[PDB]
Amino acid sequence: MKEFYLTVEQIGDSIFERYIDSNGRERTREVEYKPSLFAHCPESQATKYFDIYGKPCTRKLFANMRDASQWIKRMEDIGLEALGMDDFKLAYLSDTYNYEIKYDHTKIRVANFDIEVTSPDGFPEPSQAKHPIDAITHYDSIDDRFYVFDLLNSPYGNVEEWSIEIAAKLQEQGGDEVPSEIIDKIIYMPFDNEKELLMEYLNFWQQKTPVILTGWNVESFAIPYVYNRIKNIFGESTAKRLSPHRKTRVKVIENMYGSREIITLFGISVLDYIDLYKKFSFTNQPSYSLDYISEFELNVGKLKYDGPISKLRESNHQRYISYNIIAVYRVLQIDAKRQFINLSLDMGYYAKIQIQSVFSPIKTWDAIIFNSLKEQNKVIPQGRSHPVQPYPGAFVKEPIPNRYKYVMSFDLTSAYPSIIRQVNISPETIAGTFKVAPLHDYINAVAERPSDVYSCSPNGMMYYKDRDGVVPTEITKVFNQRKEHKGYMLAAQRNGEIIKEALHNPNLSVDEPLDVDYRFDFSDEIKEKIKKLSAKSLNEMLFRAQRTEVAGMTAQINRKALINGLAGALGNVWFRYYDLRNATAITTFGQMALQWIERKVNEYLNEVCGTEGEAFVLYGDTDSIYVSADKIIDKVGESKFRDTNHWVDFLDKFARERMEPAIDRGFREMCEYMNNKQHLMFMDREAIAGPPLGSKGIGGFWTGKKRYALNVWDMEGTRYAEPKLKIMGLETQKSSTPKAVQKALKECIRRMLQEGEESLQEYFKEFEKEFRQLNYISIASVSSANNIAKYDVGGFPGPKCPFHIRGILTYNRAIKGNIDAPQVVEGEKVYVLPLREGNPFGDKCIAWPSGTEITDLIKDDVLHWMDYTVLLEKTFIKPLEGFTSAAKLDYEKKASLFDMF
DNA sequence: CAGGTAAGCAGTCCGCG
DNA sequence: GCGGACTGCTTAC
Ligand SMILES: Nc1nc2c(ncn2[C@H]2C[C@H](O)[C@@H](COP(=O)(O)OP(=O)(O)OP(=O)(O)O)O2)c(=O)[nH]1
Ligand SMILES: [Ca+2]
Ligand SMILES: [Ca+2]
Ligand SMILES: [Ca+2]
Ligand SMILES: [Ca+2]
Ligand SMILES: [Ca+2]
């Protein structure tokens with residue numbers, strides 16, 4: 001097989017590389033890598049190296065990496081550019097793997113671990129590591145085994161061995177319900193004392209050294225705790241055995257308010273699953289406890305136990321250990337679904353970076369572009385200092401707040417990356433500038449043509465047309481990948497709808513799910529067999545289709561995020577290719593494109609309708625338009641349609657056969673106007689929206705910019721079995737909105753859009769009547785809690801104290817003195833409830849850690865003093881009032897003359 | 001910690017005769 | 001109590 005790296009490090013003048021050799025074996029080597037850097041040289045100097053601008057360079061080969069780094073410093077002292085890849089391990093990887101890396105995941109050791117630490121005096125701080133580690137479960141991907149290290153004797157209690165037999169039993173049998181599919185994969189090791197446990201763990205770690213290391217909060221908790229505990233018991237040299245090169249570094253992670261400590265283990269790639277999830281999931285969660293996320297992702301119930309975790313080991317060691325094992329498995333289950341590790345490996349190897357660098361689009365693109373340029377013997381410029389400067393972004397149209405019955409939307413495929421490719425925007429393709437006219441002059445096509453030679457953006461920039469820039473070239477490659485995976489995602493989605501349809505008429509038989517590839521549209525034969533299947537088989541097929549869709553989603557949306565990150569990186573001062581001229585060329589072209597096409601669509605539709613000056617485009621954001629289709633439907637007449645699907649078909653046909661060709665002609669003219677390199681503005685129909693045929697539903701409404709709701713029947717070619725709400729920006733979409741309130745507001749909107757005013761009034765009246773029975777967690781608001789200290793003045797709110805911080809301070813006084821009570825963690829999320837006047841907490845609200853029950857100490861008092869009236873008005877009535885006034889609708893029945901009978 | 005700008009709403013402080 | 005200046009938080013792109 002072709003070799004591939006696992007990890008790479010620079011340690012002094014050596015590269016330390018772990019890799020898979022040509023036989024599939026893991027190896028480690030130390031290489032005295034001699035780096036090269038570059039300086040500009042005279043035109044007469046014969047060379048094959050040129051900077052990105054075509055200026056000749058001489059290569060300087062250094063005796064060692066320190067020599068190279070010192071040379072960079074001296075070049076700064078002289079005042080001359082030091083060119084080339086200054087991150088020497090990226091240069092090493094580029095030299096050693098001068099080919100597209102094909103990796104074999106089965107050979108990469110992926111470790112998933114979790115530790116338990118009993119502590120009677122509050123949260124066990126990793127930097128202190130003052131309490132024994134009493135459990136470790138460490139899953140190894142190569143062995144496919146859960147290795148369980150269990151401390152039986154501790155200063156906090158001596159316990160009996162964990163029983164695998166009890167662990168397997170149902171909760172109703174007194175067991176722990178450790179999933180049957182992992183029972184045979186557990187390797188259980190009990191220990192008489194902690195020193196022995198840790199020594200054996202380290203020997204095990206040396207035998208089975210993780211390449212990728214993951215788990216839940218491992219970077220912020222498990223890794224520093226294990227490192228510091230071992231350091232405290234045995235000394236530093238022993239703790240450094242966690243690194244295969246015996247090198248570690250305390251790394252300070254700092255933001256705008258305070259800092260924290262993590263341990264860098266050289267020769268290991270740590271991908272904490274919480275961070276993978278936050279980056280790659282495109283969710284924003286009220287809580288990031290593993291319990292909360294597992295419930296959300298997997299629909300598994302929380303692991304229940306009696307009493308605090310600080311007493312769980314002594315009271316019920318059996319469950320304590322079973323829960324440690326299940327916690328490790330839950331991360332594996334989430335990954336089986338989301339495939340973030342696979343994503344990271346894909347992106348890391350593609351870029352030729354340390355895998356953990358996938359968190360940084362700047363580093364990722366720096367490496368992609370360097371490797372691309374190196375292929376041509378071109379030489380990357382030195383990174384420079386730039387002051388942070390604001391720059392303009394997208395255009396967003398101000399909508400007229402209203403109901404909108406029939407709506408068709410369109411938006412550009414990969415807008416910003418497509419603009420980059422179309423205009424040819426790149427550091428080395430800048431050709432000059434032209435004298436700019438006001439933006440509206442380009443939008444209305446009255447401005448002088450910018451250039452008859454170069455490709456232009458209405459910010460004044462001109463670009464070469466003779467050859468593609470490296471940014472367009474490399475962005476196109478990742479775009480093509482994204483497009484492939486999105487194809488699979490949408491096929492899986494359409495396949496899901498077929499199954500949902502079939503589930504209306506399930507067959508009374510015993511059978512199996514069909515063995516099919518859900519990434520491809522079902523054939524006629526498959527469709528026929530599906531129509532003959534049982535509910536059991538259909539539901540299994542739906543589950544599989546939906547898992548396939550999720551896998552496609554992960555692969556596509558994060559490749560989209562990467563390419564969009566390149567457009568953004570051009571406006572990030574830490575990017576090697578930072579240039580506000582290029583960043584603004586993208587954003588300003590986008591503003592033009594949107595407003596240009598708004599004009600063209602209006603002109604086209606006024607033509608086909610025989611009107612003048614009428615606004616068909618009601619809204620737009622960045623690269624999208626929302627077109628009122630009422631007059632189109634009305635031109636045929638509603639009574640001509642057999643059912644909802646009939647007019648959806650008609651609008652779909654109108655969009656594809658009339659709208660899109662007109663849109664395309666408008667954009668081709670714009671491309672010619674700007675003299676662009678290639679027409680790539682592809683604005684395809686997104687949504688077809690409207691009320692169900694014959695209903696009193698309103699179809700959709702807008703309250704303002706970035707705040708709307710649509711009843712969608714077809715989304716990017718997926719024809720839904722049941723209408724789906726596309727809701728953007730409204731409170732139903734915000735993690736800060738109480739769970740039960742999101743649900744109720746969503747139902748109000750569904751009723752507005754699908755059923756009408758009377759239906760809405762019926763639901764509101766019921767909700768208002770019953771909501772006091774809702775569980776306190778379901779009606780609590782959520783907020784991130786930053787700067788708790790700033791606003792804390794002797795335990796009381798300081799000037800300008802935010803509402804949620806006030807709540808936290810109220811909580812702190814209420815639990816004061818308790819070493820055991822859960823503390824609110826700076827920067828994490830809290831639940832927030834308002835409190836009735838004259839409550840014993842002495843303030844108008846209380847807040848506590850999100851994803852948790854409030855401590856039993858005060859729970860009864862919170863429940864008793866909760867202000868339901870305020871809660872209802874702020875989270876429910878006020879947003880609903882916003883929706884209904886916008887839609888010109890009443891959520892309460894107004895008086896009428898009929899009342900007099 | 002890690003990636004760009006636009007823009008919405010909650011809430012504080014305080015004016016507004 | 002609404003509106004502005006401001007902070008804080010959170011979404012749409
Ligand atoms: N830097 C950055 N830019 C974004 C992000 N989301 C959207 N944008 C910018 C770049 C996009 O091209 C543009 C339009 O947003 P869209 O959500 O419609 O994405 P895009 O057109 O790229 O892909 P699409 O084919 O519509 O799925 O807005 C983001 O998360 N980061
Ligand atoms: Ca635990
Ligand atoms: Ca788009
Ligand atoms: Ca599309
Ligand atoms: Ca059937
Ligand atoms: Ca869009």
Side-chain angles (χ1 to χ4, degrees), chain A residues 219-220 251-262 264 270-272 275-276 278-280 282-284 286 356-365 388-399 411-412 414-416 558 560-575 578 580 582-584 586-588 590-591 594 619-624 702-708 726-737 781-787 790-791 797-807 827 829-830 832 834 844-845 873-875 878-879 882:
Chain A
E219 194 181 65
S220 58
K251 193 192 179 183
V252 61
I253 299 301
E254 53 175 289
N255 44 55
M256 301 180 77
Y257 324 99
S259 64
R260 56 186 189 93
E261 291 196 341
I262 69 172
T264 301
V270 175
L271 302 177
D272 192 331
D275 296 322
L276 290 179
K278 284 168 174 187
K279 189 182 171 57
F280 297 137
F282 288 83
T283 68
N284 192 19
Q356 68 267 30
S357 291
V358 302
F359 291 110
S360 169
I362 284 170
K363 185 58 97 174
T364 300
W365 280 113
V388 170
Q389 292 186 302
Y391 71 93
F395 173 79
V396 183
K397 184 186 172 62
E398 190 75 68
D411 74 275
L412 293 168
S414 281
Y416 281 15
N558 292 298
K560 166 189 173 172
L562 185 57
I563 57 177
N564 285 350
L566 182 50
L570 295 166
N572 184 303
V573 303
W574 300 111
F575 194 41
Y578 172 82
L580 247 35
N582 289 341
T584 300
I586 297 166
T587 63
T588 310
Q591 290 203 6
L594 181 45
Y619 185 64
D621 184 339
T622 309
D623 72 328
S624 70
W702 264 258
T703 77
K705 286 187 185 170
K706 303 180 185 294
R707 282 185 68 88
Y708 64 91
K726 179 189 188 194
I727 302 171
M728 309 306 310
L730 310 185
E731 280 69 10
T732 57
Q733 307 314 109
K734 298 176 72 165
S735 67
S736 47
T737 306
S781 302
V782 174
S783 186
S784 293
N786 303 303
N787 282 288
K790 170 191 267 181
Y791 293 107
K800 295 159 181 69
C801 181
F803 189 86
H804 61 289
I805 307 299
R806 185 180 287 272
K829 286 183 188 183
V830 289
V832 191
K844 58 162 173 188
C845 65
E873 285 291 336
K874 279 157 50 163
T875 71
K878 216 200 163 207

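These numbers come from the heavy atoms of this one structure, side chains and all, not from hydrogens, waters or symmetry mates. Order of the sequence lines fixes the chain letters, A, B, ..., with proteins taken first and strands second; residue numbering starts at 1 for each chain.
Within 4.0 Å (heavy atoms only), A/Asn786 reaches sugar-phosphate atoms of the nucleic acid but no base atom. Residue A/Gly729 is in sugar-phosphate contact alone, with no base atom involved, counting any heavy-atom pair closer than 4.0 Å across all strands shown. When heavy atoms are screened at a 4.0 angstrom cut-off, A/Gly571 is found touching the sugar-phosphate backbone but no base atom. Backbone-only engagement by A/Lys844 is indicated by non-hydrogen atom pairs under 4.0 Å involving sugar-phosphate atoms exclusively. As judged by a 4.0 angstrom heavy-atom cut-off over every strand, A/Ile805 is placed among residues making no nucleic acid contact. Contact annotation for A/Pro879: no contact, since no heavy-atom pair falls under 4.0 Å across all strands. The residue A/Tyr791 sits close only to the backbone: its heavy atoms come under 4.0 Å of sugar-phosphate atoms, none of a base. A/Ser735 comes within contact range of the sugar-phosphate backbone alone, with a heavy-atom separation under 4.0 Å but no base atom that close. Among the heavy atoms of the strands lying under 4.0 Å from A/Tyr391 are primed sugar atoms or P, OP1, OP2 only; no base atom is included.
Distance from the side chain of A/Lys734 is smallest to B/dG8 among B/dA10, B/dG8, B/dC1. The side chain of A/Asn284 lies closest to C/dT11 when the candidates are C/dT11, B/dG3, B/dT12. Of the candidate nucleotides B/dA6, B/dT12, B/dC1, B/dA6 has the atom nearest to the side chain of A/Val396. Listed nucleotides: B/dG11, C/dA12, B/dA2. Nearest to the side chain of A/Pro361: B/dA2. Comparing C/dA12, B/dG3, B/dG11 by their nearest atom to the side chain of A/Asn572 picks out B/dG3. Of the candidate nucleotides C/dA12, C/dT10, B/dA7, C/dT10 has the atom lying nearest to any side-chain atom of A/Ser783. The nucleotide whose nearest atom lies closest to any side-chain atom of A/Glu731 is, among C/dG8, B/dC1, B/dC9, B/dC9. The A/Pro392 side chain lies nearest to B/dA6 when the options are B/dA6, C/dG8, B/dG11.
In this structure, OH on A/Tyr391 lies 7.5 Å from CG on A/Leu570, to the nearest 0.5 angstrom. Atom-to-atom distance recorded for A/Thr737:OG1 and A/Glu731:CD is 5.5 Å, nearest 0.5 angstrom. Atoms CD1 and CG, on A/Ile586 and A/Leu566 in that order, are 7.5 Å from each other to the nearest 0.5 Å. Distance check, rounded to the nearest 0.5 Å: NZ of A/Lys726 to CE of A/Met728 gives 6.0 Å. Here the OG1-CD distance, from A/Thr584 to A/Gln389, works out to 9.5 Å after rounding to the nearest 0.5 Å. Note: A/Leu276 CG to A/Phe359 CZ = 4.0 Å, rounded to the nearest 0.5 Å.
Salt-bridge annotation for A/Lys706 and A/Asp621: present, with a side-chain N of the basic residue lying under 4.0 Å from a carboxylate O of the acidic one.
Spacing between atom CD1 of A/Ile262 and atom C1' of B/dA2 amounts to 11 Å, rounded to whole angstrom units. For the pair A/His804 NE2 and B/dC9 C1', the interatomic distance rounds to 14 Å; values are reported in whole Å. Rounded to whole Å, the distance from CH2 on A/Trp702 to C1' on B/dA7 is 17 Å. Following rounding to the nearest Å, A/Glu398 (CD) and B/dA6 (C1') show an atom-to-atom distance of 12 Å. Atom CG of A/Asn564 and atom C1' of B/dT5 are 13 Å apart (whole Å). For the pair A/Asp621 CG and B/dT5 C1', the computed distance is 11 Å after rounding to whole Å. Atom P of nucleotide C/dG4 and atom NZ of A/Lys800 are separated by 19 Å, given to the nearest angstrom. The nearest whole Å value for the distance from the CD atom in A/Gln733 to the P atom in C/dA12 is 6 Å.
Regarding contacts with the backbone of C/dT10, a side-chain N or O of A/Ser784 is found under 4.0 angstrom from either OP1 or OP2. Side-chain N/O atoms of A/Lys706 include none lying less than 4.0 angstrom from OP1 or OP2 on C/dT11. Applying the 4.0 Å criterion to OP1 and OP2 of B/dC1, one finds that A/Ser360 has every side-chain N and O outside that range. A close approach under 4.0 Å does not occur between any side-chain nitrogen or oxygen of A/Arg707 and OP1 or OP2 of C/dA12.
In this structure, A/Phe359 packs face-to-face on the six-membered ring of B/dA2, meeting both the 5.5 Å centre cutoff and the 30° plane limit.
Remark: the separation of the P atoms in C/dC9 and B/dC1 is 14 Å, to the nearest Å. Going from the P atom of C/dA12 to that of B/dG3 covers 23 Å, rounded to whole Å.
At B/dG11 the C1'-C2'-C3'-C4' dihedral is negative, so the sugar adopts a south, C2'-endo-type conformation.
Residue A/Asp275 places a side-chain atom within donor-acceptor reach of the base of B/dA2, judged by atom type and a 3.5 Å distance cut-off alone. In terms of polar N and O atoms assigned as donor or acceptor, the side chain of A/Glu219 comes within less than 3.5 Å of the base of B/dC1 in a complementary pairing.
Taking the nucleotide of DNA chain B with the nearest heavy atom to each of A/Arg806 and A/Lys278, the more 5' of the two is matched to A/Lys278.
Note on ring orientation: taking the six-membered ring where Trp is involved, the planes of A/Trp702 and A/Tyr619 are tilted (angle from 30° to 60°).
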